[PDB]
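1. Here is my input, please return the structure:
(2 chains, ligands or ions: 2)
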Amino acid sequence: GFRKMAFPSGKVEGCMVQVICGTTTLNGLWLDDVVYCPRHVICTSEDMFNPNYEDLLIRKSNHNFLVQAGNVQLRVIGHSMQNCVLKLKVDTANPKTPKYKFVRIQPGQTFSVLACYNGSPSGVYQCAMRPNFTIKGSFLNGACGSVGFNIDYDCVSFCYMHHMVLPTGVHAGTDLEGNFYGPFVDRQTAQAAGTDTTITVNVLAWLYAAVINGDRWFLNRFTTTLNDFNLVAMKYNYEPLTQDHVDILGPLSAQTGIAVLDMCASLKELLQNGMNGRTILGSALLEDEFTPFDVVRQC
Amino acid sequence: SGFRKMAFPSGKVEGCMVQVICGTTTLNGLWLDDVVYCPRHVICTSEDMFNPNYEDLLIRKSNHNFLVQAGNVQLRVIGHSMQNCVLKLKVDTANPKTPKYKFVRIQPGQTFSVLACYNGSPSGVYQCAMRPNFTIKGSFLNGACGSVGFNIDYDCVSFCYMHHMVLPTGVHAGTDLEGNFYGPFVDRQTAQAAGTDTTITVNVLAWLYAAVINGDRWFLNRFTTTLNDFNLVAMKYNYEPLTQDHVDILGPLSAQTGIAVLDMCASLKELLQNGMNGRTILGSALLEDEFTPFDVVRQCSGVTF
Ligand SMILES: Cn1cnc(Cn2c(=O)nc(Nc3cc4cn(C)nc4cc3Cl)n(Cc3cc(F)c(F)cc3F)c2=O)n1
Ligand SMILES: Cn1cnc(Cn2c(=O)nc(Nc3cc4cn(C)nc4cc3Cl)n(Cc3cc(F)c(F)cc3F)c2=O)n1
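-> Numbers count the residues shown, from 1 in each chain, chains lettered A, B, ... in the order given. Ligands and ions are numbered 1, 2, ... in the order given. Provided below are the atomic coordinates:
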């Protein structure tokens, strides 16, 4: 089978806490004796439009931060600011702290999101960092602080912390070091995402998965060069295809016997002529939120 | 903002997954208190997979022939029993991570989260629905037999599915936690056909309501219809008949959006007869039937678990 699959969330569920600064409530990440959370928590309703975070933080004390891990209360013994992320040292180290790493992902790579509200998880889904450095997720009010992660052999690579919803409905956030993905800033102001492109290498991997799963009607009798495909791709707002992408798609080409540049020719036709109707792997669209690695792991 | 296929948090179920080995046949199991529940095909060998006599196969099995591994810890089987297609192994140690739980039998159309496990170790979680043909369209590889399906209702984990086999058509089939298969399938390596599947109508309507809640409203039309006249069109497009209970389940969503069910049915009637003409709904160019009305409430205007 082939379905959008997320990593097991257990290791991340036990690191989620609620952080309250006055009335402003959000979610936080409890790793060892430090609680990581968005620094927008130190803002009040009148500070959200244009905040001076250095001035807002200098007036705060350790006792101004309420951190709750369920019914358990944690005592803040130190506070610091790293870019757009607030770090609260606490008296107790999280016993359920997993082996972890803080990674900064690049557009096209995927991750699992644990949507949390008031420190309590609500659901898990998979989503990708769009080339415009936004993410298409499902977030409601209070989701600020929810994290995105990948798990590789019991090690959880934290890569995203949710911050804000953009006017277009897409979402924007930071890495676990506070540096935003994209040109966005933590302020309650209208910030436009930008014209998004389609992750080409991911689309091809999904087409390879369809061949592996029976759907092979899109397969044509043509081939092309990387340059002529990139010419066609640019017209339909598709990301450029590099030799790196071709080499990563090697395993998928091997299992199917379909050369990468031939799959590019099939995608070129699907773009130039259209899809008229019909479905591929359960979709009438071309999916770009499956990395080549995700496809191999599932198929 | 946004709408995605969302699964329940898997933590409570991850701590109940164990590996069960009978001689060499290896599977996954569910460790709740002092009982490990697992598919009974584990007692079959390579020559027993086609037509096994499970009563006789178990009569030749002893407690020491079942190897159950809870992570690195070894569990001692102190008793074995068979309930329908489920093997139940009493163990010496009660699972300390046993959550508050229930065993429920779901009905076709209802959804649940699946924790795909291999050799006792979870690997991924996804959401899927019990198709009207009593199969499930999932992502399972070799060794997935034993993976469980669940819903979480405020700290209570309702176990509803245990994976058994992949059917020749590529779909998947399994049982409830009392051993009774979903559908007319049997635990043996024989060619078993699923049957013609229909589209869960009430789920499609709930998904359209979810789009109204999330901004997509281009499909909302100026027409209305009756339940009977829609079911005439529904049957034509291989859709399940729409009942008054389905209408009543869509009650909450209709109020929140201000759109009557029969009006949404008329828009669906048009979407079925006319098409989607390129347009997208909630990020999809097809009509989704794997979102129950409760799933929309959970995701749209819903919170913790
Ligand atoms: C609908 N939606 C989708 N994603 C989000 C994420 N998100 C959020 O969860 N909360 C936000 N504002 C807050 C208001 C508060 C009121 N109280 C009492 N406490 C509050 C805490 C927060 Cl964080 N925002 C808005 C927002 C948050 C930021 F971190 C930021 F830099 C700019 C912003 F405009 C938000 O987007 N909601
Ligand atoms: C590709 N795929 C998708 N879903 C599945 C589920 N599934 C499975 O995981 N394993 C199965 N056969 C086994 C072989 C074994 C070899 N050893 C050493 N131990 C084994 C244990 C099992 Cl279960 N099967 C086949 C199958 C399993 C049953 F429980 C059944 F009743 C009939 C069947 F044909 C399987 O479908 N694999």
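2. Name the residues of the stretch 51-200 of chain A found near ligand 1, please.
-> Residues of the stretch 51-200 of chain A found near ligand 1 (C-beta under 6 Å from any ligand atom) are A:139-144, A:163-165, A:171, A:186-188. C-beta here means a position set from N, CA and C on the backbone, and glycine is covered the same way.
3. and the residue of the stretch 151-299 of chain A found nearest chain B, backbone torsions?
-> Nearest residue of the stretch 151-299 of chain A to chain B (C-beta to the nearest C-beta) works out as residue A:284 at 3.6 Å. Per-residue torsions, residue A:284: phi -90, psi 10 (degrees, to the nearest 10).
4. check contacts around it.
-> The contact partners of residue A:284, taken as C-beta atoms under 8 Å, 6 or more residues apart in numbering or on different chains, are A:275, A:277, A:278, B:276, B:284, B:285, B:286.
5. and of the residues you listed, the nearest to ligand 2?
-> Nearest to ligand 2 out of those is residue B:286 (C-beta to the nearest ligand atom; 24.5 Å).
6. now the strands for the stretch 1-150 of chain A?
-> For the stretch 1-150 of chain A, applying DSSP state E, counting those that start in this stretch gives strands covering A:16-21, A:24-31, A:34-38, A:66-69, A:72-74, A:76-82, A:85-90, A:99-102, A:110-117, A:120-128, A:147-152.
7. for the longest one, packing partners?
-> In other words, strand A:120-128. Packing contacts for strand A:120-128, counted by 3 or more C-beta pairs under 8 Å, 6 or more residues apart in numbering or on different chains; DSSP states H and E, involve strand A:16-21, strand A:110-117, helix B:293-299.
8. Same list (these) but as CSV, adding distance to ligand 2.
-> Below are those laid out as CSV (distance: least, C-beta to the nearest ligand atom, whole Å):
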stretch, distance to ligand 2
strand A:16-21, 32
strand A:110-117, 22
helix B:293-299, 25
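9. Quick one, which of the residues of the stretch 51-200 of chain A next to ligand 1 are buried?
-> Buried residues within these, defined by neighbour count using 16 or more other C-beta atoms under 10 Å in any protein chain shown: A:139, A:140, A:142, A:143, A:144, A:163, A:164, A:165, A:171, A:186, A:187.
10. The closest residue to the fifth one other than its chain neighbours: how many residues sit nearby?
-> So the one you mean is residue A:144. Once flanking residues are discounted, residue A:144 sits nearest to residue A:26: 4.7 Å by C-beta to C-beta, 6 or more residues apart in numbering or on different chains. Neighbours of residue A:26 under the rule other C-beta atoms under 10 Å in any protein chain shown: 26.
11. Same question for the one 4 residues further on.
-> Here the count is done by other C-beta under 10 Å, and residue A:30 has 25 residues near it.
12. for residue A:168, same thing?
-> Using other C-beta under 10 Å: residue A:168 sits among 15 other residues.
13. Quick check: it touching residue A:191?
-> No. Contact between residue A:168 and residue A:191 fails when scored by C-beta atoms under 8 Å: they sit 9.9 Å apart.
14. still on that earlier bit, any idea which of the strands of the stretch 1-150 of chain A is most buried?
-> When those are scored by mean count of other C-beta atoms under 10 Å in any protein chain shown, the highest mean neighbour count falls to strand A:110-117 (a mean of 26).
15. Contact partners for the residue nearest to residue A:144?
-> Residue A:26 makes contact with A:18, A:19, A:37, A:38, A:40, A:41, A:142, A:144, A:145 under the criterion C-beta under 8 Å, 6+ apart.
16. Could you do residue A:132 as well?
-> By C-beta under 8 Å, 6+ apart, the contact set of residue A:132 is A:107, A:170, A:182, A:193, A:194, A:195, A:196, A:197.
17. that older thread, and the two most separated of the contacts of residue A:26?
-> Spanning the widest gap among these are A:18 and A:40, at 14.6 Å by C-beta to C-beta.
18. quick revisit: just the buried subset of the contacts of residue A:132, please.
-> Using 16+ other C-beta under 10 Å, the buried members of the contacts of residue A:132 are A:107, A:170, A:182, A:193, A:194, A:196, A:197.
19. And the residues you listed, which is closest to ligand 1?
-> Distances from ligand 1 to those, taken by C-beta to the nearest ligand atom, are shortest for residue A:170, at 9.9 Å.
20. so what's that closest one up against?
-> A:130, A:132, A:134, A:135, A:136, A:193, B:2.
21. How many neighbouring residues does the fifth one have?
-> In this case it means residue A:136. Other residues close to residue A:136 by other C-beta under 10 Å number 19.
22. Would you mind confirming that it is in contact with residue A:126?
-> No. Under the criterion of C-beta under 8 Å, residue A:136 makes no contact with residue A:126, lying 10.7 Å away.
23. Between those two, which contacts overlap?
-> Between them, residue A:136 and residue A:126 share these contacting residues under C-beta under 8 Å, 6+ apart: residue A:289.
24. can you pull the contacts of residue A:246?
-> Taking C-beta under 8 Å, 6+ apart, we find residue A:246 in contact with A:226, A:260, A:261.
25. What's the PyMOL line that selects buried ones from those residues?
-> For the buried members of the contacts of residue A:246, the matching PyMOL selection, counting by 16+ other C-beta under 10 Å, is:
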select buried, chain A and resi 226+260+261
